[PDB]
Structures are given as structure tokens and as C-alpha cells.
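Below: one structure, written as C-alpha cells.
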Amino acid sequence: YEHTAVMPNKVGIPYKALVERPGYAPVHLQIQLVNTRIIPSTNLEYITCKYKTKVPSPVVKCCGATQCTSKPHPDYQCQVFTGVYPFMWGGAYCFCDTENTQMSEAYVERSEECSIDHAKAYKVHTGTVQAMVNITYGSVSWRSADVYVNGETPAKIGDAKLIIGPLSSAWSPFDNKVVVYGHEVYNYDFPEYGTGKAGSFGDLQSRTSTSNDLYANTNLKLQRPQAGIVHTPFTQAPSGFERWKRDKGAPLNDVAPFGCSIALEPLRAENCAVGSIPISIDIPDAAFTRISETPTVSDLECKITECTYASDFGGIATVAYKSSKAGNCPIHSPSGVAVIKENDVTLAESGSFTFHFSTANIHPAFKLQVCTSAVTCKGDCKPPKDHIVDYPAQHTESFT
Amino acid sequence: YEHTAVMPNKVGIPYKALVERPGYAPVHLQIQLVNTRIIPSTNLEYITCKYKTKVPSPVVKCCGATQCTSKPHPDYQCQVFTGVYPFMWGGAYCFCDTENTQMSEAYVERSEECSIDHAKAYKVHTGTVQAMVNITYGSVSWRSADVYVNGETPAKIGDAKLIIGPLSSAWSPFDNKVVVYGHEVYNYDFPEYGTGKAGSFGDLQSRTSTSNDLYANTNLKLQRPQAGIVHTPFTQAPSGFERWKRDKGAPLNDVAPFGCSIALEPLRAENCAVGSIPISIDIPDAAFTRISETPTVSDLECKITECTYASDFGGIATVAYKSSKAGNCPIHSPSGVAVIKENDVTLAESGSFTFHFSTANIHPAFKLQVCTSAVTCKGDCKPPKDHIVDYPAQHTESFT
Amino acid sequence: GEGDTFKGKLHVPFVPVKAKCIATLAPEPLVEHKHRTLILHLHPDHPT
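Chains as they are written, first to last, in the deposited numbering: chain C, 1 to 400; chain D, 1 to 400; chain d, 243 to 290.
Here's what the structure looks like:
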């Protein structure tokens, strides 16, 4: 019952092995993993978005200068201009021609839209892998359940219990530093907190959306007001977040090898096919049947009809059966040379019965486990006509 | 100008460094590390505590058996016993003598004490260390700055600009597995989620205190009531959290080397004195003063009064200054043989002033730099007699 | 009762909390220093 066997780490292809429990009839098994979530641990460094240069109302003293003070606002830029003469719809605003001074100020805050669209930086730890696994055995169920990959945690639905992993490969597609923007993840190297140079990425950085403190190095410098007009013109570098929003590289969900995808989620890289998975399962003894009840099968022989050297189930082979009984009979191929489309077959005395299969080899030489009996299906195959079709399922490519 | 320098990672020591920018008078800088919090990245695994075996009221049928239902409760154990004959304060109450059956059931529930008394498991990543630098340079004499350790985040504190790190040693007292129990942190190896064996640590594991679902492998077992008395005698392993509560090893707070310190916090490791820090600092240009304005102090002479070979400021020495003008001038010994207690000394016209110092060398042959004037205070030192003070105020021992 | 389990969640009157208890304090040790060695005299009243 303690069936321990290693399996490929591939999502679309089941691994229908056959457990040979002594003293009992063999029980067909079938394990397919529909999800291969990585779920790496994350840690937010800072949030980035385009700034807003919020200019306060300027203060104009009609006769006399006024020194400005350094307010604690982030990137609070203040200057005092002199020799002004502001007109403002009701004629000239002050009689003095030289003592009138304007002390404009400006300070940067994160823009209103920063609550919705905002680049997010992260640091990645090792994380914990996870899977959704789909099981059937004997004839008893199509049970499926959510499970961990660490080699200590069991999972149960129905009576069967299993433990899988850990993965043979520690490959994490995410780089050391990653950037998240809405639904696309970029493994961009954000520099550090509080060091973003103006114009480039991270021009404005906040430790969190609610953080009242922030860093904004945007080269904001005030300018003299033009033609005695009451306004606060400021010389400002273009929004750093707007840049790299028009010329961002390819997102990691489009360059990650092994065909992996990400989501607005704990940020797993699902279906990342690499390495192998050491799965182990403890089938419940109730599902077993004593060997003295199942049909034995005798004097059988195998004969293929039309084998196609192809990725899908193109091979068809017929078998002739001298059974002891009527009933079901598990069928499995212990060798990798072929995979069997049909899980199990129904028997009656002296009949002949047909199954579908696929293989990678020009001359398929594989044995058949017809419920505790063997037979060799020798033959030849032919290459298919339609080259590119759907992802392969034969998974046995080797010297030939 | 950009005084790049590596300084040892210690708490109680001034980093008296001179800035010899040509064209202006050299200035001294003092750097001290008040805090050395590490704050490694963490991830909660699960929570353990003593459990409560909540036994519901059993159901007794006076005549006729009752099949039980597999409840979804954690570790729910159900059994039905035959041949029961309960007496309950009014004699017996079932007139049958054999078909009387009691259905008893039990399950494990988190105790109320889990709210305030509960161990915590974590996995540790590298994280990033912070520090509280105290700057005393030129005439500012006071600056409290909290900085990071990455060699990229600047510290534009007041007018001075500072860059610190990255730390030379990645040493972390925390290992991969850490257990937090209220106030003390243990580097115990909790197995994994959902794999706790009964009686050992983590007999029941809960993802969070508010997590409804849990996992409780407690080897719970029911037993038949005896002599016909209505109760649910259940036998189980003693609470695995009570065990190891009296058998926990020495806390990490008292086995961590380098004199680390831990607290109820993001799990920082305060004051782990180890390694050196590549500090690079850009001082403001305003604080510099022209070399041609400071007095010339040539034709000086140095001679010690007494020196002791001690951890304390055991050295007293006098210098025969021969100045031109009168004013303050900072003093420093570039050699690491001795450290000077004084930061700056007022000079009269060819005056003579004392300084205090400490050294680990019996014969200190160290240069003394005094506003661009070198002098060697060759001399001898004397052995101390007491073996009880705090750790040294000099601690730069070398060959002697 | 075979009928049904009624409602009636009953609050637990004395819940456990984290208060401050008065803990003992061991008698002061006698420090006896030597060369590179710390001889510590002890005489507790209870096992510490």
C-alpha cells in the first residue's frame, strides 16, 4: 500500500501506475496534478507612482521682502522673487515698484490615482510550493484535493492519503528583486529605498499607500513669475513613473522559461514544469480485493494493427484473452516505451479486446500487465502527417 | 572629501576620523552605533498551544444499536459500545439487558489559553539590517540618524550626507527554524505543518489564532464505560505542548554569540557586535574653513605623564604647543595604537595642554596630528591591577 | 437529548489573561574576581 515512486513534474500528463500488493489483486492507479503553484514569500520595499506638484497659494507682500522658511514638507521648494508688479483684474495689486516681493512655494505629494495604479517593489524569500492533485484508483472515485509539496505534510479527501515532493529542482523563475504592476510582474532591479534619481523609475517612493512620509527627488525648482502675473511657474522633470511605463521591457510572464504564468495573487508561478516529484500514496486496504476472486488470464497474445509514431494516441492494438472468469481487469505498461489510453478492460471467456496507446519509438517493444499476466506487443510505426498539433502525451523520447 | 572608511561593528566606540580636503582646515568626525537591529524577514508557519478535548454529550439508545457519522471535526473519534446498563441517580433506566448501546464521541478543540499563551513558528530569510548612527562632527556636535545597511540608500541627515554598508559579514544568529514563545525565542526545529506526531511538540497545529480549521494528531482513543455509568472515558497522549514546555532548551537570548539581544519585536537582533561596516560620508562644504586662516602650531613637543596598559582611559599626556594665532583645533592619532578622549582643544599663543588617552600597547609609538602638525609621543605604560570594569573604552588590541 | 442541540452560547466567566505576578528575587551573589577568572559565590534560598 505504501507505493513510493518518482513522477515527472508535468501538468497535462497523468502517471497511471499499477500497484502490485502481495496477496491481493493489483489496483490501477492514476495521479494527475492540475496545478504547480510556487508561491514564493514576498516583502514590500516601497510603492511608486507619478507625483503631483501641489502648489500652495503664493503670498505677495505689497511693500517689503519676506524671507522664506524650510517647511517639513517633502521636497519643499521655496524662493522669494523681487521687483514684481502684479496686475490682477482690478488693476495693479501693490503701489510699490521694488519693495513688492512674491514668495512662492511648492511641495510634492503622491498623485490621487496612486491609490489604484501603482508599481510595487518586492524582495523574495524561498517560499513554499503547493499543488492541486487529482486522483483515481481501482474503480472507486474521481477525488481531487489541495496539497503541499514539502515531504512531511499529508493530505486527505476520501479514504486515500498521500504525500508528495519536495521538488527535485529548486528553480525559482522569479529573480531576487521583482516589480509588480497590476497583473504583470517584472524582475526589474529597483535601486534602494530613498535613492531614486529624478526622471528614472522610483522618482517618488512611499513605504506604503497610507505612509504619510515619502521620498521625492524630482529636481523641482521654482521659476520667476512671468510679466507681473500672479502664478507659481515651476521647472519640473517629467514624471519618473510615466517613463518606464511606455518603455518597460517584456514582463516576466512572457519571458519565464518552461511556460510559467503569474497572477494577482500570492504571486505563484503556476505550471512551472521542471524536475521530478517523488510522490507517495497509501491506498486504503478496503479498496483491495483478494487475489482468489479476480479473473486469471491465460494463453493470451498481442497484435498491433496501425501504430503511428506520434504525440497523441495513434497506436491501436488488439489482444486475445483466455480468462477464468467474466469481470474487470486492470491494464498497465510497466515500461516507459508506451502509455495506454484505456485504464482498464472488461473480460469474458475466449474473447478478444482492443485498446489505444501512443509511443515514441519506431519499433515499440513493450510488455502489457493484463491483471497479473504479461505479453509483448512488437510491431512497427509510421510518422504522422500533421507536424504541429497539441502538446504531446507520449513522453518517452530516447535513443531509437 | 567623501571620507570612505571601514569601521568595526561595535556600539560603544567613537569613529574619530579626520577629513583632510586640501585647501581647507582638516575636520574631525565622530561616529557611534547606538542600535544594530537586524530584523530578518519572517513568515508565520503555525501556532501551537495546549488543547482541550471537548467531549459532547453521548447519546444512549435503550434498545437498539446506532451507527455513527464521520463528523468533520479535527481528530473526531466515534465509537458505539454494546452491553451497556447505565444507572443514573434513579436506578437503571433501560429495561433491555443487552441491546442497550451508548454512542460516545470526542474531538480536539483549541484551549482558551491559546489566545494569550501560544508558541509561534517562523521561517527566516536574509532580511536587511538597520542602525542608529550618532554623528558628532565639526561644530554640529549632535545628530541622531536611523539608517539602513544597504550600500545604496543615502542618509541626507540635516546637512551631512551619509552612505553606510553593506555589512561585510552576513552572520545571523537566527537559523532557518525559530520558535517564539511569548517573550523568549528558541531555535527549535518544528517539523512542518500538518505532520506533528502526538505527544511531541506541535501535537496540534493551527495556521493562525483565528484560523477555524486546524490539525490535531493526538492519538485520541475512546474506552467503554464500566459498571454502567454514563460518561465518555477517553485515553490520549498528554498535551504535547505541556511537554517541551518544561523541557525547552536554553533560549536563543542566552546562546547567541557576539552578545546579541532579542525582544518582542519584528525579531531584530540588537547589538550583534561582529564584522566591519564600509562607511562612506560626504560632509557639507559649508563647515570647512580655509587652511590659511587656522593658526600654525609647528615646533611642538609631546611627552607622556603616566600611561596604564588598561581598558580604561589610563593615559595622561601633555603637549608643548607652539601656536601662532589662538583658537580651537581638533586632534587625532591616525595610528590605531591609542585613542584620544578629547575632540578639540583651545590653544593660547604657544600654550601647553593635557589630553587623556587609552592604549593596549606597553610602549605606544603613535603619531599625533594637530591641525596639520605631526608628533610622536613615544613612551612606556604601566600594568593595571583591577579585573572588574565594563567592557573597554578603547578595545583595539594588537601585537605588543 | 435525541431531538436537537439548542443554541445558547454561554460566555466563559473567568478567561485567562496576561497579568503581572510578583516573582521572587534571588539573594545577591558575592563577586570574587581573579586574573582572567570570575569566582562567583552563590547561596540561594530556593532552586534558581
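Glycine residues also receive a C-beta, built at the ideal position from the N, C-alpha and C atoms.
Going by CA-CA distance only, name the one from the options that's closest to residue i.
| i | options | result |
| --- | --- | --- |
| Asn217 of chain C | C:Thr153, C:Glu112 and C:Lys52 | C:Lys52 |
| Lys367 of chain C | C:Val345, C:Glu349 and C:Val339 | C:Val339 |
| residue 485 of chain C | C:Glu113, C:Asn187, C:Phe355 and C:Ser350 | The requested residue 485 of chain C is not part of the displayed model; chain C covers only 1 to 400. |
| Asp247 of chain C | C:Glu293, C:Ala227 and C:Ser200 | C:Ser200 |
| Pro384 of chain C | C:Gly327, C:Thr376, C:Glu45 and C:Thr308 | C:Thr308 |
| residue 402 of chain C | C:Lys50, C:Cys62, C:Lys54 and C:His395 | Residue numbering for chain C in the displayed model covers 1 to 400; residue 402 of chain C lies beyond these limits and cannot be assessed. |
| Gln67 of chain C | C:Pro238, C:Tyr137, C:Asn100 and C:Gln369 | C:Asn100 |
| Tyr193 of chain C | C:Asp203, C:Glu184 and C:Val185 | C:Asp203 |
| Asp246 of chain d | D:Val27, D:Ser57 and D:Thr4 | D:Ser57 |
| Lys322 of chain C | C:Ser352, C:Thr208 and C:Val178 | C:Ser352 |
| residue 401 of chain D | D:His356, D:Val6 and D:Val178 | Limits of chain D in this structure are 1 at one end and 400 at the other, which puts residue 401 of chain D out of reach. |
| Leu272 of chain d | d:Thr266, d:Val257 and d:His283 | d:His283 |
| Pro392 of chain D | D:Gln102, D:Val178 and D:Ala310 | D:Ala310 |
| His28 of chain C | C:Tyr122, C:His125 and C:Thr136 | C:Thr136 |
| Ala360 of chain C | C:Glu397, C:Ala374, C:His332 and C:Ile331 | C:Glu397 |
| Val124 of chain D | D:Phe174, D:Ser292, D:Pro257 and D:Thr4 | D:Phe174 |
| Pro238 of chain C | C:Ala198, C:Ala256 and C:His231 | C:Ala198 |
| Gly12 of chain D | D:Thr4, D:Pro22 and D:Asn35 | D:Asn35 |
| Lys120 of chain D | D:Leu162, D:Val180 and D:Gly64 | D:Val180 |
| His332 of chain C | C:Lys325, C:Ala326 and C:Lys341 | C:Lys341 |
| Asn328 of chain D | D:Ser350, D:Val337 and D:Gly336 | D:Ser350 |
| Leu220 of chain C | C:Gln226, C:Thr232, C:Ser209 and C:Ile283 | C:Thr232 |
Could you name the residues of chain d that residue i contacts, counting a contact when the two beta carbons are closer than 9 angstroms?
| i | result |
| --- | --- |
| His387 of chain D | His275, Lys276, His277, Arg278, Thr279 and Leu280 |
When you compare the CB positions of residue i and residue j, do they come within less than 9 angstroms of one another, or not?
| i | j | result |
| --- | --- | --- |
| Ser276 of chain C | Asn43 of chain C | no |
| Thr372 of chain C | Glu20 of chain C | yes |
| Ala160 of chain C | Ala287 of chain C | yes |
| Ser358 of chain C | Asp312 of chain C | yes |
| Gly83 of chain C | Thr98 of chain C | yes |
| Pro334 of chain C | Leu33 of chain C | no |
| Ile47 of chain C | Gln205 of chain C | yes |
| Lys50 of chain C | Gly240 of chain C | yes |
| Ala365 of chain D | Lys382 of chain D | no |
| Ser139 of chain C | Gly158 of chain C | no |
| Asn134 of chain D | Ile31 of chain D | yes |
| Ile39 of chain C | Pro266 of chain C | yes |
| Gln79 of chain D | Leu222 of chain D | yes |
| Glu45 of chain C | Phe258 of chain C | no |
| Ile281 of chain d | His288 of chain d | no |
| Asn253 of chain D | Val178 of chain D | no |
By the criterion of Cβ-Cβ separation under 7 angstroms, what are the contact partners of residue i in chain D?
| i | result |
| --- | --- |
| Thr153 of chain C | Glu192, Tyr193, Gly194 and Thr195 |
| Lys260 of chain d | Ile116 |
| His125 of chain C | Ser41, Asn43 and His125 |
Using a Cβ cut-off of 7 angstroms, pull out every chain C residue sitting near residue i, in sequence order please.
| i | result |
| --- | --- |
| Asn150 of chain D | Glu192 |
Cβ closer than 9 angstroms: which chain D residues qualify as neighbours of residue i?
| i | result |
| --- | --- |
| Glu270 of chain d | The premise fails here: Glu270 of chain d is roughly 15 angstroms from chain D at the closest Cβ pair, so nothing lies under 9 angstroms. |
Using a cut-off of 7 angstroms between C-beta atoms, extract the partners of residue i located in chain d.
| i | result |
| --- | --- |
| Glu112 of chain D | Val254, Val257 and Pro258 |
| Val59 of chain D | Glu244 |
Beta carbon of residue i: closer than 8 angstroms to some heavy atom of the ligand FMN?
| i | result |
| --- | --- |
| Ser276 of chain C | This structure simply doesn't include the ligand FMN, nor any ligand for that matter. |
Three Cβ pairs or more, each shorter than 8 angstroms: is that satisfied between the segment 87-100 of chain C and the segment 278-290 of chain C? Taking a cut-off of 8 angstroms for Cβ pairs, the segment 87-100 of chain C and the segment 278-290 of chain C do not touch, as fewer than three such pairs fall below it.
At what residue ranges does the segment 148-213 of chain C contain a whole run of the beta strand (DSSP E), taking only runs of 3 or more? Runs of the beta strand (DSSP E) inside the segment 148-213 of chain C: 161-163, 177-181, 184-186 and 204-206.
Any chance the segment 74-88 of chain D sits against the segment 207-222 of chain D, with 3 or more Cβ pairs inside 8 angstroms? Put simply, the segment 74-88 of chain D touches the segment 207-222 of chain D. At least three CB pairs are less than 8 angstroms apart.
Inspect the CB distances between the segment 317-329 of chain C and the segment 291-303 of chain C and report whether three or more fall short of 8 angstroms. Result yes; three or more Cβ-Cβ pairs closer than 8 angstroms.
Please list the segments of the alpha helix (DSSP H) lying wholly inside the segment 3-38 of chain D, counting only runs of 4 or more residues, in order along the chain. Complete alpha helix (DSSP H) runs here, min 4: none at all.
Which runs of the beta strand (DSSP E) at least 3 residues long sit entirely within the segment 230-279 of chain D? Give them in chain order. Within the segment 230-279 of chain D, no complete beta strand (DSSP E) run reaches 3 residues.
When the Cβ atoms of the segment 163-171 of chain D are set against those of the segment 107-115 of chain D, are three or more pairs found closer than 8 angstroms? Short answer: they don't touch.
Report the residue ranges of all alpha helix (DSSP H) runs contained in full by the segment 77-130 of chain C; include only those spanning at least 4 residues, in chain order. As far as the segment 77-130 of chain C is concerned, it has no whole alpha helix (DSSP H) run of at least 4 residues.
Three-pair Cβ contact test at 8 angstroms for the segment 259-273 of chain C versus the segment 340-358 of chain C: The count of Cβ pairs closer than 8 angstroms, one atom from the segment 259-273 of chain C and one from the segment 340-358 of chain C, stays below three, leaving the stretches out of contact.
If you measure beta-carbon to beta-carbon, which residues of the segment 205-231 of chain D are closer than 9 angstroms to chain E? Although the question refers to chain E, the structure presented lacks it and instead comprises the protein chains C, D and d.
Pairs of beta-carbons, one from the segment 142-159 of chain D and one from the segment 118-131 of chain D, closer than 8 angstroms: are there three or more? Segments in contact, yes.
Return the chain-ordered ranges of every beta strand (DSSP E) run that is complete within the segment 338-393 of chain D and spans a minimum of 3 residues. Fully enclosed beta strand (DSSP E) runs of 3 or longer: 338-340, 344-347, 352-359, 367-370 and 374-376.
Every unbroken beta strand (DSSP E) within the segment 279-332 of chain D, with a cutoff of 3 residues, ordered by chain: Qualifying beta strand (DSSP E) stretches, in chain order: 301-306, 315-320 and 327-332.
Residue ranges of each beta strand (DSSP E) within the segment 45-70 of chain C, 3 or longer: Runs found: 51-54 and 59-61.
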